[PDB]
Amino acid sequence: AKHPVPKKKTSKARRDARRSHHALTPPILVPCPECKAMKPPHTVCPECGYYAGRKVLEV
Amino acid sequence: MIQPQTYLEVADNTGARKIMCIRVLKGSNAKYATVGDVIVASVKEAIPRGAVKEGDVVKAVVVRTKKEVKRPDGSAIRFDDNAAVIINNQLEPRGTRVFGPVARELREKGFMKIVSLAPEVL
Amino acid sequence: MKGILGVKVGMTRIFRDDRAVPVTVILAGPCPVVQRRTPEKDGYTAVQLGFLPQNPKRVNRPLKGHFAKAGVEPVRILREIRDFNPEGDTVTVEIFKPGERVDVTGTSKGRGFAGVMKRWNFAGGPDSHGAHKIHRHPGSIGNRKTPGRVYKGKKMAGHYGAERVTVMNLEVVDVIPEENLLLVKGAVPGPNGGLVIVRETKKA
Amino acid sequence: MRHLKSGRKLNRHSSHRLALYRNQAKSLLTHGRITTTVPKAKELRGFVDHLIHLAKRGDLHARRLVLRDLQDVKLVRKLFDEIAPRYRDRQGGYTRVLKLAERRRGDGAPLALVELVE
Amino acid sequence: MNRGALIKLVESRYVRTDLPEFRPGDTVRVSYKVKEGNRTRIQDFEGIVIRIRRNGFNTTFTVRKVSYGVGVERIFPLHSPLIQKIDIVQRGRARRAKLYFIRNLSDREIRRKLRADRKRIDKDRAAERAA
RNA sequence: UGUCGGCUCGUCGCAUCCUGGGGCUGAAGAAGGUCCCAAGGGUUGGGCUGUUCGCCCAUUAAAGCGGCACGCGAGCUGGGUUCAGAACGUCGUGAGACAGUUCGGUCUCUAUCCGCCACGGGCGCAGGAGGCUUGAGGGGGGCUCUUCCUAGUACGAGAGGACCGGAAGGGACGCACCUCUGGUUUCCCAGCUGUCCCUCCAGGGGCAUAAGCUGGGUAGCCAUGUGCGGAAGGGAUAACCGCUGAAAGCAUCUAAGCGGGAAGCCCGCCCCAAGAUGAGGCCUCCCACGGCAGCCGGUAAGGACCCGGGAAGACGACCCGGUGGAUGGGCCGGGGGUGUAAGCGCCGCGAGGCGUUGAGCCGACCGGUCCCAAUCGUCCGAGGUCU
RNA sequence: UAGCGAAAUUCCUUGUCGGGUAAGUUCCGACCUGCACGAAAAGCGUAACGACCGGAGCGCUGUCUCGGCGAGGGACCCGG
Ligand SMILES: [Mg+2]
Ligand SMILES: [Mg+2]
Ligand SMILES: [Mg+2]
Ligand SMILES: [Mg+2]
Ligand SMILES: [Mg+2]
Ligand SMILES: [Mg+2]
Ligand SMILES: [Mg+2]
Ligand SMILES: [Mg+2]
Ligand SMILES: [Mg+2]
Ligand SMILES: [Mg+2]
Ligand SMILES: [Mg+2]
Ligand SMILES: [Mg+2]
Ligand SMILES: [Mg+2]
Ligand SMILES: [Mg+2]
Ligand SMILES: [Mg+2]
Ligand SMILES: [Mg+2]
Ligand SMILES: [Mg+2]
Ligand SMILES: [Mg+2]
Ligand SMILES: [Mg+2]
Ligand SMILES: [Mg+2]
Ligand SMILES: [Mg+2]
Ligand SMILES: [Mg+2]
Ligand SMILES: [Mg+2]
Ligand SMILES: [Mg+2]
Ligand SMILES: [Mg+2]
Ligand SMILES: [Mg+2]
Ligand SMILES: [Mg+2]
Ligand SMILES: [Mg+2]
Ligand SMILES: [Mg+2]
Ligand SMILES: [Mg+2]
Ligand SMILES: [Mg+2]
Ligand SMILES: [Mg+2]
Ligand SMILES: [Mg+2]
Ligand SMILES: [Mg+2]
Ligand SMILES: [Mg+2]
Ligand SMILES: [Mg+2]
Ligand SMILES: [Mg+2]
Ligand SMILES: [Mg+2]
Ligand SMILES: [Mg+2]
Ligand SMILES: [Mg+2]
Ligand SMILES: [Mg+2]
Ligand SMILES: [Mg+2]
Ligand SMILES: [Mg+2]
Ligand SMILES: [Mg+2]
Ligand SMILES: [Mg+2]
Ligand SMILES: [Mg+2]
Ligand SMILES: [Mg+2]
Ligand SMILES: [Mg+2]
Ligand SMILES: [Mg+2]
Ligand SMILES: [Mg+2]
Ligand SMILES: [Mg+2]
Ligand SMILES: [Mg+2]
Ligand SMILES: [Mg+2]
Ligand SMILES: [Mg+2]
Ligand SMILES: [Mg+2]
Ligand SMILES: [Mg+2]
Ligand SMILES: [Mg+2]
Ligand SMILES: [Mg+2]
Ligand SMILES: [Mg+2]
Ligand SMILES: [Mg+2]
Ligand SMILES: [Mg+2]
Ligand SMILES: [Mg+2]
Ligand SMILES: [Mg+2]
Ligand SMILES: [Mg+2]
Ligand SMILES: [Mg+2]
Ligand SMILES: [Mg+2]
Ligand SMILES: [Mg+2]
Ligand SMILES: [Mg+2]
Ligand SMILES: [Mg+2]
Ligand SMILES: [Mg+2]
Ligand SMILES: [Mg+2]
Ligand SMILES: [Mg+2]
Ligand SMILES: [Mg+2]
Ligand SMILES: [Mg+2]
Ligand SMILES: [Mg+2]
Ligand SMILES: [Mg+2]
Ligand SMILES: [Mg+2]
Ligand SMILES: [Mg+2]
Ligand SMILES: [Mg+2]
Ligand SMILES: [Mg+2]
Ligand SMILES: [Mg+2]
Ligand SMILES: [Mg+2]
Ligand SMILES: [Mg+2]
Ligand SMILES: [Mg+2]
Ligand SMILES: [Mg+2]
Ligand SMILES: [Mg+2]
Ligand SMILES: [Mg+2]
Ligand SMILES: [Mg+2]
Ligand SMILES: [Mg+2]
Ligand SMILES: [Mg+2]
Ligand SMILES: [Mg+2]
Ligand SMILES: [Mg+2]
Ligand SMILES: [Mg+2]
Ligand SMILES: [Mg+2]
Ligand SMILES: [Mg+2]
Ligand SMILES: [Mg+2]
Ligand SMILES: [Mg+2]
Ligand SMILES: [Mg+2]
Ligand SMILES: [Mg+2]
Ligand SMILES: [Mg+2]
Ligand SMILES: [Mg+2]
Ligand SMILES: [Mg+2]
Ligand SMILES: [Mg+2]
Ligand SMILES: [Mg+2]
Ligand SMILES: [Mg+2]
Ligand SMILES: [Mg+2]
Ligand SMILES: [Mg+2]
Ligand SMILES: [Mg+2]
Ligand SMILES: [Mg+2]
Ligand SMILES: [Mg+2]
Ligand SMILES: [Mg+2]
Ligand SMILES: [Mg+2]
Ligand SMILES: [Mg+2]
Ligand SMILES: [Mg+2]
Ligand SMILES: [Mg+2]
Ligand SMILES: [Mg+2]
Ligand SMILES: [Mg+2]
Ligand SMILES: [Mg+2]
Ligand SMILES: [Mg+2]
Ligand SMILES: [Mg+2]
Ligand SMILES: [Mg+2]
Ligand SMILES: [Mg+2]
Ligand SMILES: [Mg+2]
Ligand SMILES: [Mg+2]
Ligand SMILES: [Mg+2]
Ligand SMILES: [Mg+2]
Ligand SMILES: [Mg+2]
Ligand SMILES: [Mg+2]
Ligand SMILES: [Mg+2]
Ligand SMILES: [Mg+2]
Ligand SMILES: [Mg+2]
Ligand SMILES: [Mg+2]
Ligand SMILES: [Mg+2]
Ligand SMILES: [Mg+2]
Ligand SMILES: [Mg+2]
Ligand SMILES: [Mg+2]
Ligand SMILES: [Mg+2]
Ligand SMILES: [Mg+2]
Ligand SMILES: [Mg+2]
Ligand SMILES: [Mg+2]
Ligand SMILES: [Mg+2]
Ligand SMILES: [Mg+2]
Ligand SMILES: [Mg+2]
Ligand SMILES: [Mg+2]
Ligand SMILES: [Mg+2]
Ligand SMILES: [Mg+2]
Ligand SMILES: [Mg+2]
Ligand SMILES: [Mg+2]
Ligand SMILES: [Mg+2]
Ligand SMILES: [Mg+2]
Ligand SMILES: [Mg+2]
Ligand SMILES: [Mg+2]
Ligand SMILES: [Mg+2]
Ligand SMILES: [Mg+2]
Ligand SMILES: [Mg+2]
Ligand SMILES: [Mg+2]
Ligand SMILES: [Mg+2]
Ligand SMILES: [Mg+2]
Ligand SMILES: [Mg+2]
Ligand SMILES: [Mg+2]
Ligand SMILES: [Mg+2]
Ligand SMILES: [Mg+2]
Ligand SMILES: [Mg+2]
Ligand SMILES: [Mg+2]
Ligand SMILES: [Mg+2]
Ligand SMILES: [Mg+2]
Ligand SMILES: [Mg+2]
Ligand SMILES: [Mg+2]
Ligand SMILES: [Mg+2]
Ligand SMILES: [Mg+2]
Ligand SMILES: [Mg+2]
Ligand SMILES: [Mg+2]
Ligand SMILES: [Mg+2]
Ligand SMILES: [Zn+2]
């Protein structure tokens, strides 16, 4: 290895075009069928402690 | 799977005891020689006043190998030593006897005089 | 030019005339026709085949209408056999007879990102004598200032497997109509349970 | 390639992984419900279910086998006298795993809970 | 579908059942059909079975014997139509399933390490008494 | 602009080493000699020496010659040579000197651009969709030997020995595969040592490696193992050989015209491929929704998100499944590996042995079973431009 | 001069002969036409010693034919 190195400073255009795929995707949330609170699917509701229509965890 | 540098026990009464492969006579570039293959070999150890001497470059035919030899009948066969028998340019055995068993593949490859001289063909 | 869809089931060997002959067992039939490609309507001759029955709940309305147009139950796989036209409406293993020579097409086993030595059987490097961190690397890939680039199609590292592979001229060892089984002599691409197509051989 | 290789490695060598499964089996068989990461959770099930079924068998051979992994004689006595009987008619599935809502702050680890069935 | 059932089903016609059971360590005489020229005879192979592979119909076993001062090993398929018969000539007791080590032992040490299985010998004599 | 040689990786030229097709021969045959066409494929292993080269050994159809910064050190090597040490021969009064010989002597983790191998995201292909496809254009592949029958015939004094046609068997190479053969198999089983511990006996666990050591070993991934490929055939030709035939009453393969003729070219075979913006074709599905070729909003066919997963996989993509369900985990059966568990009885003073017992344990493989876990759901998504 | 010599020196040079090897520009033993050894910048030998530098053999090996599988720490994905 002979220490590869950038040949030219990247133009703002090129670095931002490279970053064109960096946008976050927003979370995935559904309403809990008990307290109607938005929560991730297939998780136990952290606002009421219910999942599959029963208590599992003290909230 | 005999290749160059492999040591073979001679199983006849030619006076040789150990030969060393130096070429497989089987096309321009064979990698391995199994039962029934003719090879060129340098004699490395011999008893005194034999038919051949150490340093003689002779042709031999392999009769049993330490690798197993697969057969169409689904079976295989394997021996405890890689052994050969010295021969002349007419496929005849140069010695008068052979020692130990030889493999049956030889009969397919036209070595009837070695098969007859065998104590047991397996 | 006859063909049929099927699924590779597994490998074994049988005994025919004091000879152990290796076989691949393929579950071919039965396969009904769902469309026929004609020169006047489509431009060429072919026969669209269906394989494996499917739960109708899992079939969507366009495919459902397609099946229904032929009066054919829902099916999991639809694959075409070109330059074919059976007289019936259902292809079974009966089309193949013992001794017939066939080509089988399957999806090879995927080896993922593959090194140059597994992909292209490269020699790699020395495992000693100073060889510094290149016991599996490909070595040089070009010349110098001339031509000053790399050839197209240069053998390199990358994905390998899960590609279409056709093995040709495999003898039909046996056929079992009762079980829709097809016993071929040799190796057939892909894992047990992969989709394979069995066609008549193209080599005289 | 990984074709048809069962079980995880969990970025641990052999003895570390074994001791991980053991310590989690102990903590679970004690508290009845533990909070772990989702992969360790999905892996605990085989260990714990096998031990519980072994305890269901009940003889001395099963007690010694389970004691190989558990070591704690009191915990094994509790497993045979209290935990085993309440699974006499249940065939398998003695454990369950449910995913938790919020991740972990330090590293973003997605958590889950593993508990013994009623 | 059951792919294993299909494999077993294809194998079913060739499965052989008239062959007596044995274990690694028993001394066996296998009467094998052999083509030579221009006939077909039966050559016997008598030796200690050193290994038994198990894959349903693809089970193969290996037999070792000293033949004129040369160690010979033969591998046979249990359901091969070339094995005419198999004859148990001695029951040995091994603490192991694979008997590779007898490739490095003298005959005396071999006799010492693979002594007679008096139990299965008594069981062989216990049968063999037809009515 | 790192200078020899090597290794890896190739690609090109043809003044062709071999394989193919020819003419002439001081070509009887077999075998050679010479020139013509041909770059499709192929062109071995080893001894010497840093060597390239060359010589040699054993083979071969053959062991071709060259270009690519005497191809290739941000790919490796560093033996040669070309820093500092030391010595020999020789030169110089000497400091030192020769490339003359000799021993030794730091080769730099991170690839921005082009390029190359793989792989996604976006948009477009005028309505939006689920499938199935054509193949423009590409790549791959392209090799060869032995024996036998013809026939010991044609030919030759004899040795020796065919064309043409017809079988069988190899070497290397390529693609796939795991039935067999053979490996691995990181905890699947058993044995063994030392020490510490649970619990004293028994029985067990930790550590001696990131398996403590040994004897084995499934599925998988694998070659040494197995299957299969090179073609067949068609078309146009190269050298070359003709038919018919003038110019030129003869003659001429040519000026008109027509045949025969290469491992070479075009198709044929396998693979990629409609970003082929020239954005193809076919089957089927949805539909004229409201407000103001455009915009906003709810839908349809459908699709994505999430979840259980997968011989699929770096991620993402692909493919399967989501309680209307066998996707994973558990459990049961079978396969399979290990090879007679603990306990008790019996024998022995004892180490141990026997019986219970092919026992006990037991990952991946082929199955069964709702026991557990894929609960509950949400967001996108056509109103079809103009002649 | 003694002694030594194709040598840690020999250009021609892989000198020639012999030994070892199937094959040996290296190695060992010889000859002497010493380009250009030679006797305290010592000459020729020397038991023992050497992480020095040559040559050959036995053993044993993934150095190799020729590669394959497995383990772990990175590399790959997410959070800081
Ligand atoms: Mg470098
Ligand atoms: Mg770099
Ligand atoms: Mg470095
Ligand atoms: Mg790099
Ligand atoms: Mg760097
Ligand atoms: Mg900037
Ligand atoms: Mg800018
Ligand atoms: Mg950029
Ligand atoms: Mg900006
Ligand atoms: Mg609260
Ligand atoms: Mg002998
Ligand atoms: Mg000698
Ligand atoms: Mg397919
Ligand atoms: Mg590689
Ligand atoms: Mg490959
Ligand atoms: Mg390879
Ligand atoms: Mg290598
Ligand atoms: Mg090397
Ligand atoms: Mg180095
Ligand atoms: Mg290294
Ligand atoms: Mg490289
Ligand atoms: Mg460079
Ligand atoms: Mg250029
Ligand atoms: Mg892929
Ligand atoms: Mg049959
Ligand atoms: Mg994979
Ligand atoms: Mg790996
Ligand atoms: Mg699985
Ligand atoms: Mg584990
Ligand atoms: Mg896994
Ligand atoms: Mg995982
Ligand atoms: Mg980590
Ligand atoms: Mg850790
Ligand atoms: Mg450890
Ligand atoms: Mg540890
Ligand atoms: Mg389990
Ligand atoms: Mg959950
Ligand atoms: Mg924190
Ligand atoms: Mg989450
Ligand atoms: Mg099977
Ligand atoms: Mg069935
Ligand atoms: Mg006999
Ligand atoms: Mg014996
Ligand atoms: Mg019979
Ligand atoms: Mg030319
Ligand atoms: Mg020629
Ligand atoms: Mg010629
Ligand atoms: Mg000629
Ligand atoms: Mg002549
Ligand atoms: Mg001639
Ligand atoms: Mg002549
Ligand atoms: Mg000429
Ligand atoms: Mg060429
Ligand atoms: Mg060439
Ligand atoms: Mg050479
Ligand atoms: Mg050498
Ligand atoms: Mg040597
Ligand atoms: Mg060399
Ligand atoms: Mg050398
Ligand atoms: Mg030279
Ligand atoms: Mg020759
Ligand atoms: Mg010739
Ligand atoms: Mg070149
Ligand atoms: Mg030059
Ligand atoms: Mg250069
Ligand atoms: Mg060169
Ligand atoms: Mg360069
Ligand atoms: Mg170079
Ligand atoms: Mg470079
Ligand atoms: Mg270099
Ligand atoms: Mg550079
Ligand atoms: Mg080097
Ligand atoms: Mg150097
Ligand atoms: Mg040097
Ligand atoms: Mg030099
Ligand atoms: Mg130098
Ligand atoms: Mg130097
Ligand atoms: Mg120097
Ligand atoms: Mg010196
Ligand atoms: Mg001097
Ligand atoms: Mg001078
Ligand atoms: Mg002077
Ligand atoms: Mg002077
Ligand atoms: Mg000077
Ligand atoms: Mg100077
Ligand atoms: Mg040194
Ligand atoms: Mg370098
Ligand atoms: Mg640097
Ligand atoms: Mg970096
Ligand atoms: Mg970059
Ligand atoms: Mg650029
Ligand atoms: Mg795209
Ligand atoms: Mg194009
Ligand atoms: Mg094309
Ligand atoms: Mg082409
Ligand atoms: Mg004749
Ligand atoms: Mg012919
Ligand atoms: Mg052939
Ligand atoms: Mg298998
Ligand atoms: Mg295997
Ligand atoms: Mg096997
Ligand atoms: Mg095996
Ligand atoms: Mg264990
Ligand atoms: Mg104790
Ligand atoms: Mg202990
Ligand atoms: Mg401790
Ligand atoms: Mg440790
Ligand atoms: Mg251990
Ligand atoms: Mg083993
Ligand atoms: Mg092992
Ligand atoms: Mg295995
Ligand atoms: Mg191979
Ligand atoms: Mg072939
Ligand atoms: Mg023609
Ligand atoms: Mg004429
Ligand atoms: Mg004429
Ligand atoms: Mg003309
Ligand atoms: Mg013509
Ligand atoms: Mg013509
Ligand atoms: Mg003609
Ligand atoms: Mg042609
Ligand atoms: Mg050809
Ligand atoms: Mg296609
Ligand atoms: Mg396409
Ligand atoms: Mg399109
Ligand atoms: Mg264009
Ligand atoms: Mg289209
Ligand atoms: Mg069309
Ligand atoms: Mg919907
Ligand atoms: Mg779906
Ligand atoms: Mg749902
Ligand atoms: Mg539901
Ligand atoms: Mg399931
Ligand atoms: Mg299941
Ligand atoms: Mg099971
Ligand atoms: Mg069983
Ligand atoms: Mg078993
Ligand atoms: Mg016992
Ligand atoms: Mg017991
Ligand atoms: Mg007593
Ligand atoms: Mg007793
Ligand atoms: Mg079982
Ligand atoms: Mg059911
Ligand atoms: Mg349920
Ligand atoms: Mg909901
Ligand atoms: Mg004087
Ligand atoms: Mg001299
Ligand atoms: Mg000399
Ligand atoms: Mg001297
Ligand atoms: Mg010197
Ligand atoms: Mg000079
Ligand atoms: Mg010289
Ligand atoms: Mg010299
Ligand atoms: Mg010389
Ligand atoms: Mg010379
Ligand atoms: Mg000499
Ligand atoms: Mg000599
Ligand atoms: Mg000599
Ligand atoms: Mg040397
Ligand atoms: Mg002289
Ligand atoms: Mg001198
Ligand atoms: Mg001096
Ligand atoms: Mg002086
Ligand atoms: Mg000395
Ligand atoms: Mg020293
Ligand atoms: Mg010292
Ligand atoms: Mg040695
Ligand atoms: Mg290696
Ligand atoms: Mg590896
Ligand atoms: Mg690894
Ligand atoms: Mg790792
Ligand atoms: Mg790893
Ligand atoms: Mg990060
Ligand atoms: Zn809630």
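Its PDB record attributes the structure to X-ray crystallography, giving the resolution as 3.2500 Å.

Caption draft 1: Representation of the overall build of chain A. A count of helical and extended segments in chain A gives 1 helix and 2 strands. Across chain A, helices and strands are ordered from the amino to the carboxyl terminus as α-β-β. Computed over C-alpha atoms, the radius of gyration of chain A comes to 23 Å, more than 25% over the 10 Å expected from 2.2 N^0.38 for 59 residues, which places it beyond the range of a compact globule. A principal-axis box enclosing the C-alpha atoms of chain A has dimensions of 65 × 30 × 15 Å. Looking at the 59 residues of chain A, the share that counts as buried comes to 15%. Within chain A, counting contacts between residues at least 6 apart in sequence, those at least 24 apart form 0% of the total. A total accessible area of about 5,300 Å² is found for chain A, and carbon and sulfur atoms account for 58% of it. The centroid of the 13 positive side-chain charges in chain A is displaced by 25 Å from the centroid of its 4 negative side-chain charges.

Caption draft 2: Representation of the interface of chain E and chain C within the structure. On the chain C side, the residues contacting the 18 residues of chain E number 18 residues. With both chains or domains summed, chain E and chain C bury close to 1,400 Å², and 74% of this area falls on carbon and sulfur atoms. Put simply, chain E and chain C have 1 salt bridge between them. Here C:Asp18 makes a salt bridge to E:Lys33, at a shortest N to O gap of 3.2 Å. Applying the counting criterion to the chain E and chain C interface returns 2 residue pairs in polar contact. At 6 residues, helix 1 (residues 3-11) of chain E tops the list of elements feeding residues into the side of chain E that touches chain C. Looking at the side of chain E that touches chain C residue by residue, the classes come out as 10 nonpolar, 4 polar and 4 charged.

Caption draft 3: Expanded view of the sheet that holds strand 5 (residues 69-70) of chain B. Ordered in space as 5(B)-6(B)-4(E)-3(E)-2(E)-1(E)-5(E), the 7 strands form an open sheet in which the pairing is antiparallel. The sheet is open, and its two edges are formed by strand 5 of chain B together with strand 5 (83-90) of chain E, each paired on a single side. Both strand 1 (residues 27-35) of chain E and strand 2 (residues 40-52) of chain E contribute to a ladder of 9 bridges, which runs antiparallel. Bridge pairing links E:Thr27 to E:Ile48 in strand 2 of chain E.

Caption draft 4: Examining the protein's contact with RNA strand F more closely. Surveying the vicinity of RNA strand F reveals 168 residues, the closest of which are B:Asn29, B:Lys70, C:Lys69, D:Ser14 and D:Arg17. Counting only the atoms of RNA strand F that lie within 4 Å of the protein, the sugar and phosphate share comes to 79%. Measuring from a base nitrogen of RNA strand F, one finds a backbone N or O atom of D:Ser6 at 2.9 Å. Here a sugar or linking oxygen of RNA strand F sits 2.9 Å away from a polar atom, N or O, in the side chain of D:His61. Considering each element in turn, the surface near RNA strand F owes the most residues, 7 residues, to helix 2 (residues 38-57) of chain D.

Rules behind the numbers
- Residues numbered from 1 in each chain as written, not as in the entry; some residues may be left out.
- Chains lettered and ligands numbered in written order.
- Part of a larger assembly, values for the part shown.
- Heavy atoms only, no water.
- Residues with missing side-chain atoms left out of burial classes, pairs and counts.
- Helix = DSSP H or I, 4+ residues; strand = E, 2+ residues; numbered from the N terminus.
- Rg over C-alpha atoms; globule rule 2.2 N^0.38 Å.
- Buried < 20%, exposed > 50% of the residue type's maximum accessible area, 1.4 Å probe, protein only.
- Contact = heavy atoms within 4.5 Å.
- Areas by Shrake-Rupley, 256 points an atom, 1.4 Å probe, with all protein chains shown as cover.
- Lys, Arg positive; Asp, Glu negative; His and termini not counted.
- Charge placed at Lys NZ, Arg CZ, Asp CG, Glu CD.
- Buried area = accessible area lost by both parts, 1.4 Å probe.
- Salt bridge = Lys/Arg side-chain N within 4 Å of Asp/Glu carboxyl O.
- Polar contact = N/O pair within 3.5 Å; in protein donor to acceptor, adjacent residues only side chain to side chain.
- Nonpolar A, V, L, I, M, F, W, Y, C, P; charged D, E, K, R; others polar.
- Pairing = 2+ DSSP bridges.
- Near = heavy atom within 4 Å.

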